[PDB]
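Notes for the structure review
Read off the chains here:
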Amino acid sequence: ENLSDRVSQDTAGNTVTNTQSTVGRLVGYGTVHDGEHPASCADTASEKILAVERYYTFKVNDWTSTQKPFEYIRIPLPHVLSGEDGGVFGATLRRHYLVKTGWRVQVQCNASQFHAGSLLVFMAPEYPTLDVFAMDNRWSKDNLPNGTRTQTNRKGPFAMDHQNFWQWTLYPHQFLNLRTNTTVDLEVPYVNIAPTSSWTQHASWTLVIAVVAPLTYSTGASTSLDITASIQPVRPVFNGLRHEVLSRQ
Amino acid sequence: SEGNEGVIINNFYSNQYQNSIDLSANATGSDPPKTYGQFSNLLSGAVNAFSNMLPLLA
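Its PDB header names X-ray crystallography as the technique used to obtain the model and reports a resolution of 3.0 Å.

Here it is, written out as structure tokens:
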């Protein structure tokens, strides 16, 4: 079973995550979101809402024997938490024009000492997601590695949404290797083209889950491994208060 | 006392040879010497501290 300097807890409001097999928290770019006000806004921000700075936990998908290498699932931020599952975060988010935040994630998946396989979990700024910024529905190897080009663009070399997955480890990441761990912990600071974001039309960060070494096991072993995640906005700062977005969807 | 021996000369054989060796045992036991000689096989590298370390699991 799981041990000692590998047993770890993280308290967020009224939220706390525990793992008995961690490998540490990878802090991307080596910095955390400071929670500082955007220098481009004259209005004072609403910040430090306790009800907002906690972990939102929901399920991603199911890992099976069938997934092939590099098939993935994307979770666009802040969008995934802008709805009902986003609690007061979502509610506040829908009434502000702009949000500036960092992310702290934990993705979870257990198997046994008789299972073999590994996931790659990474977080990437400006990763190409669905149009509508929603979590992918099923695993896909869609539009890797040359991007999506137009129908007719018969001879085009590639499109700007290219993604050479052979290099996905350039992104802040950690491996969820079944023989080693059960959880992966990442944290990223705020990065964007501007001092704060009009989140409505931009999913600036994407949490990506990909298979790199396919699931293997002998008969009688657990057969499908669920994948869940805990996401927490790190010191979000809101500005430009107005009426509700509404069609939140 | 002594027996029937009355030679002037020092015994040619030393005592540990001429006689048995009277020993005395103490009630509470006695500790063996620490070592019976210097013959030994040695175990090295038993422990740690120092390598291509702390890349090494917790």
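Remarks on the overall build of chain A
Within chain A, the secondary structure is distributed over 1 helix and 12 strands. In chain A, the order of α-helices and β-strands from amino to carboxyl end is β-β-β-β-β-β-α-β-β-β-β-β-β. With the principal axes as the frame, chain A shows a C-alpha extent of 60 × 55 × 35 Å. Residues classed as buried in chain A amount to 49% of the 249 residues present. Residue pairs in contact within chain A that sit at least 24 positions apart in sequence constitute 85% of those at least 6 positions apart. In the structure as shown, chain A presents an accessible area of about 12,600 Å², 50% of it carried by carbon and sulfur atoms.

Details of the pairing of strand β7 (residues 96-108) of chain A
Residues and elements named next belong to chain A. For β7, the tally of buried residues reaches 12 of 13 residues, placing the bulk of the element in the interior. With 11 bridges connecting them, β7 and strand β12 (residues 224-241) associate as antiparallel partners. Each residue of the ladder has a partner; that of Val105, found in β12, is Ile231.

Brief notes about the pattern of salt bridges
Residues and elements named next belong to chain A. Overall, the coordinates contain 12 salt bridges over all chains when judged by the stated rule. For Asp136, the salt bridge identified is with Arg74, shortest N-O distance 2.7 Å. Taken together, the positions of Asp136 in the loop between β8 (116-125) and β9 (173-177) and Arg74 in strand β6 (residues 72-77) put the pair 62 residues apart, joining distant regions of the chain. Neither residue differs from the other here; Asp136 and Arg74 are each classed as buried. One salt bridge connects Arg138 with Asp142, and the closest N-O pair in it is separated by 3.3 Å. Looking at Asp142, the relative accessible area reads 38%, which means it is partly exposed.

Let's talk about a nonpolar patch on the surface
A surface patch of nonpolar side chains, about 410 Å² in accessible area, is lined by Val7(B), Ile8(B) and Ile9(B). If you trace the backbone, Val7(B) turns up in the segment before α1 (15-18).

Looking at the sheet that holds β6(A)
All names here are of chain A. Strand order in the open sheet made by the 4 strands is β6-β11-β8-β9, with antiparallel pairing throughout. Across the chains shown, the open sheet's two edge strands, defined by having one partner strand only, are β6 and β9. Between one strand axis and the next, the sheet turns by 15° as a mean value, whatever way the strands run. With 5 bridges joining them, β8 and β9 adopt antiparallel strand pairing. Along β9, the bridge assignment pairs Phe122 with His173.

Concerning unusual backbone geometry
Residues and elements named next belong to chain A. Put simply, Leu77 and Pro78 share a cis peptide bond, and its omega is 0°. Residue position: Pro78 is located in the loop between β6 and α1 (87-94). Backbone torsion omega between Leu144 and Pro145 reads 0°, so that peptide bond is classified as cis. Within the fold, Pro145 resides in the loop between β8 and β9. Located in the positive-phi region is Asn143, a residue other than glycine, with phi close to 65°. Residue position: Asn143 is located in the loop between β8 and β9. Positive phi, normally seen in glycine, also occurs at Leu246, with a value near 95°. Tracing the chain through its elements places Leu246 in the segment after β12.

Things to note about the packing of aromatic side chains
Residue and element names in this part refer to chain A. In the structure shown here, the tally under the stated rule is 14 aromatic pairs over all chains. Ring plane angle 80° and centroid distance 6.0 Å describe the contact between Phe89 and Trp103, whose orientation is recorded as edge-to-face. In this pair, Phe89 sits in helix α1 while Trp103 sits in strand β7, placing the two residues 14 residues apart along the sequence. The buried category is assigned to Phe89, whose relative accessible area is 0%. Using a relative accessible area of 2% as the deciding quantity, one classes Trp103 as buried. Pairwise contacts between aromatic rings join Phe70, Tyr72, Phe122, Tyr127, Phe165, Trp166, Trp168 and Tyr171 into one cluster.

Criteria and thresholds
- The numbering shown runs from 1 along each chain in the order of its written sequence and may not match that of the entry; residues for which no coordinates exist are omitted.
- Chain A is the first chain written and ligand 1 is the first ligand written, with later ones labelled in order.
- Bear in mind the chains here are only a fraction of a larger assembly, and the values reflect that fraction.
- As a rule here, side-chain values cover all heavy atoms of the structure and leave hydrogens and water aside.
- A run of H or I in DSSP becomes a helix once it reaches four residues, and a run of E becomes a strand once it reaches two; helices and strands are each numbered from the N terminus.
- Here's how the labels work: a residue is buried when its accessible area is under 20% of the maximum for its type, exposed when over 50%, partly exposed in between, all with a 1.4 Å probe on protein chains only.
- It only takes one pair of heavy atoms within 4.5 Å for two residues to be counted as in contact.
- Surface accessibility in these figures is a Shrake-Rupley result with a 1.4 Å probe; residues are shielded only by whichever protein chains are displayed.
- Here the rule is simple: two strands pair whenever DSSP picks up at least two bridges between them.
- The rule for a salt bridge is simple: a side-chain nitrogen of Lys or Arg has to be within 4 Å of a carboxyl oxygen of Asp or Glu.
- Patch membership requires over 30% relative accessible area and the absence of a salt bridge. Like charges are linked within 9 Å, and nonpolar side chains (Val, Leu, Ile, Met, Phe, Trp, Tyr) within 5 Å.
- Lines fitted to C-alpha atoms define the axes here, with helix axes fitted over just the stretch in contact, and angles between the N-to-C directions of these axes take values from 0 to 180 degrees.
- Centres within 6.5 Å are what make two rings of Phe, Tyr or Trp a pair, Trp counting through its six-membered ring; a difference in plane orientation under 30 degrees is then read as stacked, over 60 as edge-to-face, and the rest as tilted.

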